[PDB]
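I have placed the structure first, in the form of structure tokens, so that the comments after it can refer back to it.
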Amino acid sequence: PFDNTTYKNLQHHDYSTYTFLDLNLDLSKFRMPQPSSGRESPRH
Amino acid sequence: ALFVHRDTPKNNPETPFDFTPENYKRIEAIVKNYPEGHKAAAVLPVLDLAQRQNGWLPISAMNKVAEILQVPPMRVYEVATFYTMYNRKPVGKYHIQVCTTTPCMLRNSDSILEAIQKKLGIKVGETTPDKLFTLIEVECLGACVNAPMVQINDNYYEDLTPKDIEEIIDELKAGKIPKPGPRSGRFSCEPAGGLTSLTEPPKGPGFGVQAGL
Amino acid sequence: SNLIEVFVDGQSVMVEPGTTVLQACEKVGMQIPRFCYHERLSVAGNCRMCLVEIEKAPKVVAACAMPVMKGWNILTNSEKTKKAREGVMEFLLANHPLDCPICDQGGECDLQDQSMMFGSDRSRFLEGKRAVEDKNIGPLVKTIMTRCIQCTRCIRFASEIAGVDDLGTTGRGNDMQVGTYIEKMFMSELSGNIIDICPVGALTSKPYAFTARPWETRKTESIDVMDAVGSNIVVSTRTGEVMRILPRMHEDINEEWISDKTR
Amino acid sequence: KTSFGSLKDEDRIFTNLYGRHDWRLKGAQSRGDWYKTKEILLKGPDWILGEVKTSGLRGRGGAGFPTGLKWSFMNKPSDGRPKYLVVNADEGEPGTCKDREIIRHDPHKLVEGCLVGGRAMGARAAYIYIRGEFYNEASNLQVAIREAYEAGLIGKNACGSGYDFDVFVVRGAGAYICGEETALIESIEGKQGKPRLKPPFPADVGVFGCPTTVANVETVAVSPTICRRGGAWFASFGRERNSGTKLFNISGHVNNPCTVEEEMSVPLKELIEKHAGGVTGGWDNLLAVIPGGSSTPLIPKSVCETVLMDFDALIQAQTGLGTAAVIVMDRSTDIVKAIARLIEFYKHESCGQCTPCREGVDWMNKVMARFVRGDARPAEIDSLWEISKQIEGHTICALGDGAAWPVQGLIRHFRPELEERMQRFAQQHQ
Ligand SMILES: NC(=O)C1=CN([C@@H]2O[C@H](COP(=O)(O)OP(=O)(O)OC[C@H]3O[C@@H](n4cnc5c(N)ncnc54)[C@H](O)[C@@H]3O)[C@@H](O)[C@H]2O)C=CC1
Ligand SMILES: Cc1cc2nc3c(=O)[nH]c(=O)nc-3n(C[C@H](O)[C@H](O)[C@H](O)COP(=O)(O)O)c2cc1C
Ligand code: SF4
Ligand code: SF4
Ligand code: SF4
Ligand code: FES
Ligand code: FES
Ligand SMILES: [K+]
């Protein structure tokens, strides 16, 4: 059934204050290992 | 509104702030997004995380973000005073942000600012005595075709009349959380009297794809 | 040699690659006006007083930061260079306070001198100025932050040479304040040299405060004895009494700094 | 083609612009997204850069630099440093709300654009600097990125092509100047969002010191559609050097303020009266149009009758295209109050780094605030013009230009209204 009458983007009515950060915490396992500059910080 | 700090008894480096352990795991996931050796790039998320755990930034959240990222505390003070979201004073539980730039001032955001003022009994910058509503006046929130609009803590309330923002404030005082949407008939950003475009069904995979792919 | 050929006011000069436009003008003996550029600090480019015209280029370039390309004719005295200098000086003097008599930097002020040299001779600013809260960064450096032009020589010195990382800019826009944001006291062993590099009387010497004035001082070039570095100094006297101790430049000793004990 | 506009629905890139379909992965793959992405990735960087150069895509951020020429600055050998695509999802321009609609409603199109563009520029990851105010859109985008990882579309062996590519989302924290590409780079690096000087361009020294291309959400999201549909399909719309389709945000004093995808060189009057229902009170009620968001000079009714909505015809109309954000202002508008509020915006959103913006934008706000009341004299109008000409061109980034241009447009097209405001102040207060 082709629907062009209802707004299908209803998920953001249930986002809390930690939705973005828990999504980042979930996505932390899917990611490639970060590159290294060769030092701990530019003050090292 | 000031950009120097004075130690009040409730805002000092002996004010108790510390992250929860689930927020420490969130900070680990934040710092793993940046290259090894550029940990200072995690100042802006983690400090914003300190604004989500606490509601505002004392000068112990700034020093803790400085300490766990191994950055100097002045480099966190600069980030905290540069960016307008970081509350360096305690705000109300609902932080009402009225946009009053030109695409919203042309669609009468002044009436809504007056409506929030005469409803809450406060003015711009003041917090209500129950510490539930803080009213300030912000710049373009990026919802210009849905003007006039406000932001409450994550959410955009759009296409508002003064009655609509009175009703949103009434049901925020009652404990429920409203729907972040245009309070007119439309859904997100379409023309208000029906679709002038995108009426045809979308084509799907393979349509118009060039040869040699 | 990989020296490229650039032109300053039509005059040919051979420069190393990566030479800034300011250094190319400096090789032919011409000093571009500047407030944030300091030859021993890192390049900031945030005062725009060094804007010079490259010809056949419809945009002034920041000469403190822009590397030269091959065959640029740098126009140090052209009309839009002078208009850039006058406009930038007018914005520097718009919110700047009328403190020149009560300012210790008067007579030795870069803002005064290159207002006389490169700016207009009157004001169009018909508004009220800003006033900034004074900070307390020690018993050595008097701080009058209404006189600050936000050139960030403070911050680059304290970060790169003193290794302190406690000076910074708070806020945004015209309310951007240079300070420490807290009641914090900037006491390094080199904390006095921020009085040297500050081109205005925003940071002044608190022992030298109000006592003398630079045109009446006799400059005796001498040597430090407080340590075994042998830092070359100027003892400036007035009527047979020592008024202050400034640094001399010696490239191999004290490059242009002195310690707080020497000062 | 000679007259432009009336874009067909089959020729749309941003299907599901209005939130009327499923924005998630099973909805996006049912609308043409993520189709033959591996065959786009395997044909190399040179083929994708050639398809972007063929299409004539210019920068949708607002300056309109040629996108293929900009992305071919990364087609250079590795010097040990990684390479980064960075998506500019700030969108702080008043009038402009199109990138919010792309992130909120077509997020997988942005993720596929990150993958295809970072393949073209040899990039390692995508940092989507999203606006901090767009929280629901950021979590919306993170759900789409999780769906893209779990389908294997990005990450380790992205789309089965042997190409490793990450997609990160960095939230902003409330600074319009952090949409400027170097200040956005400085904001990702954890500092104050102050713009860098150029050169070094971000392709030489960008985020973290790496080769880096910052590109808008729209100029990235339309890139898989350019790779699938062909560059000549995208170049077959709009005038020459004004190719493609464009999102438009018509707000202000129109009957139906809306976002609409439209062909590039559409007339302004046709766009307003066709997609927004026209100006409130009729077209004769039109006073002015700010054509492309706040930074562009406004144009009066006698320019809006015939003007085309691309880069070049608005440059010839002594304004700019910008973000194609049409702010319509009717005859009931105190236009000095609107422009002075816009200059007030630019002094509230100004990072304080260099002298002409930090001092002169506040000084222009004080002069404009007196011009609203008329508390001045006409010799201060020309003086204000000179102040704008001392801010324009002498600043580090183009926010000084974007603060100077509304003042210059208001003076250039409404000097008599300023003069009558000031003379009636003078005759009712003396
Ligand atoms: N979308 C939004 O929310 C906003 C958009 N804008 C738009 O931003 C525009 C100004 O943007 P800018 O980047 O400052 O202008 P433009 O001078 O710099 O440059 C545009 C792009 O071309 C690239 N580029 C140009 N010349 C280059 C060269 N020689 N080498 C390498 N790369 C080069 C730059 O890296 C940049 O990404 C304004 O015209 C305005 O329309 C302004 C404010 C907000
Ligand atoms: C003050 C200022 C703010 C800007 N804000 C944005 C922005 O929010 N989003 C955007 O895409 N471009 C913005 N730009 C334009 C960028 O400098 C840059 O040209 C663009 O983001 C990426 O290039 P592109 O147009 O080819 O995509 C801004 C420019 C300036 C001077
Ligand atoms: S810093 Fe210079 S211009 Fe300013 S008051 Fe002192 S002497 Fe005058
Ligand atoms: S106090 Fe002086 S050195 Fe420091 S930023 Fe201000 S003008 Fe520059
Ligand atoms: S002109 Fe304004 S926006 Fe740009 S670097 Fe300077 S203070 Fe920043
Ligand atoms: S102007 Fe109010 S949201 Fe952009
Ligand atoms: S000297 Fe180049 S801008 Fe300050
Ligand atoms: K000084």
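Reminder, nothing fancy here: chain letters follow the sequence lines and each chain counts from 1.
Ring centroid separation for the pair C:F125 and D:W363 comes in under the 6.0 Å cut-off. Aromatic pair B:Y34/D:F168: centroids not less than 6.0 angstrom apart. Under the 6.0 Å cut-off for aromatic ring centres, D:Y127 and D:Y84 qualify, their centroids lying closer than that.
In terms of modelled atom types and a separation under 3.5 Å, the side chain of C:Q112 and the main chain of C:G107 share a donor-acceptor contact. Between the B:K39 side chain and the B:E36 main chain, no donor and acceptor come within less than 3.5 Å of each other. The closest donor-acceptor contact from the side chain of D:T355 to the backbone of C:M49 lies at 3.5 Å or more, if one exists at all. Remark: side-chain polar atoms of D:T182 are paired, donor with acceptor, to backbone N or O of D:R196 under 3.5 angstrom. Side chain of D:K83 to backbone of D:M74: a donor-acceptor contact under 3.5 angstrom is found. D:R60 contributes no side-chain N or O that, together with a main-chain N or O of D:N216, makes up a donor-acceptor pair within less than 3.5 Å. Checking side-chain atoms of D:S72 against main-chain N and O of D:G68 turns up a donor-acceptor pair under 3.5 Å. In terms of modelled atom types and a separation under 3.5 Å, the side chain of C:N254 and the main chain of C:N232 share a donor-acceptor contact. Under a 3.5 Å cut-off, the side chain of C:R156 and the backbone N or O of C:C151 do form a donor-acceptor pair. Proximity of a side-chain donor or acceptor of C:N193 to a complementary backbone N or O of C:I258 within less than 3.5 Å is detected.
Considering only heavy atoms from C-beta on, C:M176 comes within 4.5 Å of D:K194 through its side chain. In this structure the side chain of D:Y176 reaches within 4.5 angstrom of the side chain of D:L399, judged on heavy atoms. The shortest distance between side-chain heavy atoms of D:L85 and D:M121 falls below 4.5 Å. Side-chain atoms of D:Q408 and D:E392, non-hydrogen and from C-beta on, do get closer than 4.5 Å to each other. Proximity of D:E189 to B:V43: side-chain heavy atoms (C-beta onward) are nowhere separated by under 4.5 Å.
One finds the CZ atom of C:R48 at 11.0 Å from the SG atom of D:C357 (value rounded to the nearest 0.5 Å). Here the CZ atom belonging to A:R39 is positioned 9.5 Å from the NE2 atom belonging to A:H44, to the nearest 0.5 angstrom. Going from atom CD1 of D:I396 over to atom CD1 of D:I177 covers 9.5 Å, rounded to the nearest 0.5 Å. One finds the CZ atom of D:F201 at 14.5 Å from the OG1 atom of D:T212 (value rounded to the nearest 0.5 Å).
Nearest heavy atoms, D:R358 versus C:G173: CG-O, 3.3 Å. Here the closest heavy-atom approach between residue D:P406 and residue D:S295 is recorded as CD-O, 4.2 Å. Closest of all the heavy-atom pairs between C:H96 and C:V200 is CE1-CG1, 4.3 Å. Taking both residues in full, the closest heavy atoms of B:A66 and B:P73 are given as CB-CA, 3.7 Å, listed atom of the first, atom of the second, then distance. Residues C:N73 and C:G10 approach most closely at OD1-N, 2.8 Å, considering heavy atoms. Residues D:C178 and D:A183 come closest through the heavy atom pair SG-O, 4.2 Å.
Within 6.0 Å of CE on C:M116 lie no more than 12 heavy atoms contributed by other residues, nucleotides or ligands. Within a 6.0 Å radius of CD in C:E16, no more than 12 heavy atoms belonging to other residues, nucleotides or ligands are found. No more than 12 heavy atoms of other residues, nucleotides or ligands lie within 6.0 Å of NZ in C:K27, so this atom counts as exposed by the packing criterion. C:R124 CZ: more than 12 foreign heavy atoms inside a 6.0 Å radius. For D:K389, the NZ atom is densely surrounded, since the number of other residues' heavy atoms within 6.0 Å is greater than 12.
Of the candidates C:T20, C:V13, C:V8, C:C25 forms a side-chain contact (heavy atoms from CB on, under 4.5 Å) with just one, namely C:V8.
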Going through the checks in order, is the side-chain hydrogen bond (donor to acceptor under 3.5 Å, both in side chains) test met by B:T81 and C:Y181?
CA-CA 9 Å; B:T81 59; C:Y181 177 71; over 6 Å; no
Yes or no on side-chain hydrogen bond (donor to acceptor under 3.5 Å, both in side chains) for A:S41 and B:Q70, after CA distance, side-chain angles and deciding distance?
CA-CA 9 Å; A:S41 73; B:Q70 285 83 19; over 6 Å; no
Evaluation steps, side-chain hydrogen bond (donor to acceptor under 3.5 Å, both in side chains), between D:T323 and D:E93:
CA-CA 8 Å; D:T323 66; D:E93 187 65 12; 5.3 Å; no
Derivation of the side chain to side chain contact (heavy atoms under 4.5 Å, CB included) call for D:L184 and D:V214:
CA-CA 9 Å; D:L184 185 145; D:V214 177; 4.3 Å; yes
Test log, rule side chain to side chain contact (heavy atoms under 4.5 Å, CB included), inputs B:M74 and C:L167:
CA-CA 7 Å; B:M74 191 65 208; C:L167 292 172; over 6 Å; no
One pair to check against side-chain hydrogen bond (donor to acceptor under 3.5 Å, both in side chains): D:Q353 and C:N46. What are the steps and the verdict?
CA-CA 6 Å; D:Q353 188 176 4; C:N46 62 12; over 6 Å; no
Apply ring-ring contact (aromatic ring centres under 6.0 Å, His included) to residues C:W257 and C:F157 and explain how you reach the verdict.
CA-CA 11 Å; C:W257 319 115; C:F157 182 80; 5.0 Å; yes
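Look at C:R130 and D:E359 and you find a salt bridge, because one of the NZ, NE, NH1 or NH2 atoms lies within 4.0 Å of a carboxylate O, short of that distance. Ion pairing between C:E53 and C:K80 fails under the 4.0 Å rule for side-chain N and carboxylate O. Looking at C:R40 and C:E251, a side-chain N of the basic residue comes within less than 4.0 Å of a carboxylate O on the acidic one, giving a salt bridge.
Cation-pi geometry between D:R58 and D:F65 is not satisfied (NZ or CZ under 6.0 Å from the ring centre, within 45° of the ring normal).
In this structure, a donor-acceptor pair under 3.5 Å is absent between the side chains of D:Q390 and C:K83. C:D166 and C:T180 share no donor-acceptor pair across their side chains, judged by distance under 3.5 Å alone. C:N77 and C:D9 form no side-chain donor-acceptor contact under 3.5 Å, judged by distance and modelled atom types alone. In this model, a donor atom of one side chain and an acceptor atom of the other lie less than 3.5 Å apart for D:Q192 and C:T169.
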